[PDB]
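Protein chains in written order, with the deposited numbering: chain A, 1543 to 1562, 1 to 34; chain B, 1543 to 1562, 1 to 37.
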Ligand code: NA
């Protein structure tokens, strides 16, 4: 019964798994990109403080 | 021809896009998780280094 399906399943029905897997991967890439930028910033902050501390 | 294809294309030829996209997804989840955990560890390290009492010299 379609009433029992969640949004993810409805979307896949309408757009197909190639589309939904592609969007999932794009979003994962956006998330990982953001996380690695935060990693870069944390490392920069750490280096500045090591320098401050001598 | 097959001789001109790079590795990624050979794997897709043999396994198809559902398999290769699924593998990419799984690697991306793994990478995301590792990146977020690493960030947490760096934040912990900065708290520890803020206490300069244990500072090597
Ligand atoms: Na310390």
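Even for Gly, the Cβ is constructed at its ideal location relative to N, Cα and C.
**Message:** With a threshold of 7 Å (Cβ to nearest heavy atom), would residue 23(B) be considered close to the ligand SAM?
**Reply:** Inclusion of the ligand SAM in the displayed structure is not the case, the ligand content consisting of the ligand NA alone.
**Asked** Under 8 Å, do residue 5(B) and residue 26(A) count as touching if we go by C-beta distance?
**Response** It is not a contact, given that the beta carbons lie outside the stated cut-off.
**Asked** Taking 7 Å as the cut-off, does the CB of residue 34(B) come closer than this to any heavy atom belonging to the ligand NA?
**Response** Look at residue 34(B): its beta carbon is less than 7 Å from one of the heavy atoms in the ligand NA.
**Prompt:** Where residue 15(B) and residue 29(B) are concerned, what is the direct C-alpha to C-alpha distance, given to the nearest angstrom?
**Reply:** Take the alpha-carbon of residue 15(B) and the one of residue 29(B): they are about 21 Å apart.
**Request:** Could you confirm whether any beta carbon from chain A is found closer than 8 Å to the beta carbon of residue 33(B)?
**Result:** Proximity of residue 33(B) to chain A, defined by a Cβ-Cβ separation below 8 Å, is not satisfied.
**Request:** Measuring only between beta-carbons, confirm whether residue 1(B) sits less than 8 Å from chain A.
**Result:** Taking Cβ atoms only, chain A reaches closer than 8 Å to residue 1(B), which makes this a yes.
**Prompt:** What separation, rounded to the nearest whole angstrom, lies between the Cα atoms of residue 1(A) and residue 2(B)?
**Reply:** C-alpha separation (whole angstroms): 8 Å.
**Message:** For a test of your reading of the model: does the CB of residue 28(B) fall under 7 Å from any non-hydrogen atom of the ligand NA? Yes or no.
**Reply:** Yes, Cβ of residue 28(B) sits closer than 7 Å to a heavy atom of the ligand NA.
**Message:** Determine, for residue 22(A), whether the minimum Cβ-Cβ distance to residues of chain B falls below 8 Å.
**Reply:** Answer yes: the Cβ-Cβ gap between residue 22(A) and chain B drops below 8 Å somewhere.
**Message:** I need the straight-line Cα distance from residue 9(A) to residue 19(B), nearest angstrom please.
**Reply:** Residue 9(A) and residue 19(B): Cα-Cα distance of roughly 17 Å.
**residue 1547(A) burial status per 10 Å Cβ neighbour count (16 or more: buried)** = So residue 1547(A) counts as exposed.
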